[PDB]
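> here is the sequence, then the experimental structure:
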Amino acid sequence: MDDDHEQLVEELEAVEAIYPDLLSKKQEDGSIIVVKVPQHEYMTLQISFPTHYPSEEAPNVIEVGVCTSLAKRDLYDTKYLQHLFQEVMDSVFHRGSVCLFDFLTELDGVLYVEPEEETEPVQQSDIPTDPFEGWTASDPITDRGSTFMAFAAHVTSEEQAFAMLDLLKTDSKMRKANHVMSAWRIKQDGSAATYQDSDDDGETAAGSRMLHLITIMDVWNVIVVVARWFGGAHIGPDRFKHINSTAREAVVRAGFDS
């Protein structure tokens, strides 16, 4: 193929640039590949590129293996990681790019969390502050014990937001959280197809707040998702205020005020 190869090979060149030592190829081009697991370097991942390759949908993790496990089997397993890996792959499955930039995001966060059985120390912090493909999340807030994080995204009619949000609810980090809620509203400036209905999604306090939030901002077509998290005593008082500033930039950047 020509075009199909150019777009694909391009995303490949990038992932190949980001992970030159980690990612290996099994085929003549890239179609099928084997990328290793970063930081732990032992488990390798056998991935494929479907007829609906990442430009269309996303890659196809076929299986994962690990060299020198034995006792590691007690901690993790090939099929086990195979399942989580698939889930985090599915969680990025629908964006305009190959959703990869969102994918690494999954592994980077999920790989270290839940190591053993202990209390979450203040030596770790995973507050979302970087943007995603199709997805733009960077607006967290800190509270007593709790953690607030909102993910924003500029979207057309339901088919767009509905999918990208569906999947964000099928997202692993959203599931690692305590509760997640979302608010959306579709405005048809040209047509009359407006989807008007939100929900509490769990915490009515935030659901309504977001509703008021988008209402007062007077911006439609954009979605937002608030997730809750618990870590440390207050995490860091400085996060709240400084990340507030960062948050305002995120939301604004996500098309709220653009």
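Nice, I can see it. Residues are numbered from 1 along each chain as shown.

> what residues are up against the residue positioned nearest the centre of the chain?
Residue closest to the average C-alpha location in the chain (Cα atoms, centre = their mean): residue 102, at 4.8 Å. Counting by Cβ atoms under 8 Å, 6 or more residues apart in numbering, residue 102 touches 91, 92, 95, 132, 133, 134, 135. All C-beta atoms are positioned from the backbone trio N, CA, C, and that covers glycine.

> okay, now the fourth one: neighbour count?
A count of neighbours around residue 132, defined by other Cβ atoms under 10 Å, yields 20.

> which stretches in the stretch 51-200 of the chain count as helices?
Under the criterion DSSP state H, counting those that start in this stretch, helices of the stretch 51-200 of the chain are mapped to 78-90, 100-110, 158-169, 172-175.

> and the contacts of the last one?
Translated: helix 172-175. Helix 172-175 is contacted by residues 84, 87-88, 91, 105-106, 109-110, 128, 168, 180, 225, 227 when judged by Cβ under 8 Å, 6+ apart.

> now, of those, which are buried?
Buried members of those, counted by 16 or more other Cβ atoms under 10 Å: 84, 87, 88, 91, 105, 106, 110, 128, 168, 180, 225, 227.

> wait, the third one sits on residue 104?
No: with contact defined as Cβ atoms under 8 Å, residue 88 does not reach residue 104; the gap is 9.5 Å.

> rewinding a little: of all the contacts of residue 102, which comes closest to residue 176?
Within the contacts of residue 102, proximity to residue 176 (Cβ to Cβ) peaks at residue 91, which comes in at 11.3 Å.

> quick one, strands of this protein?
23-25, 33-36, 43-48, 60-66, 136-142, 146-154, 180-183, 222-230 (DSSP state E).

> hang on, the earlier thing: against residue 124, how distant is the residue nearest to the centre of the chain?
21 Å (Cβ to Cβ, to the nearest Å).
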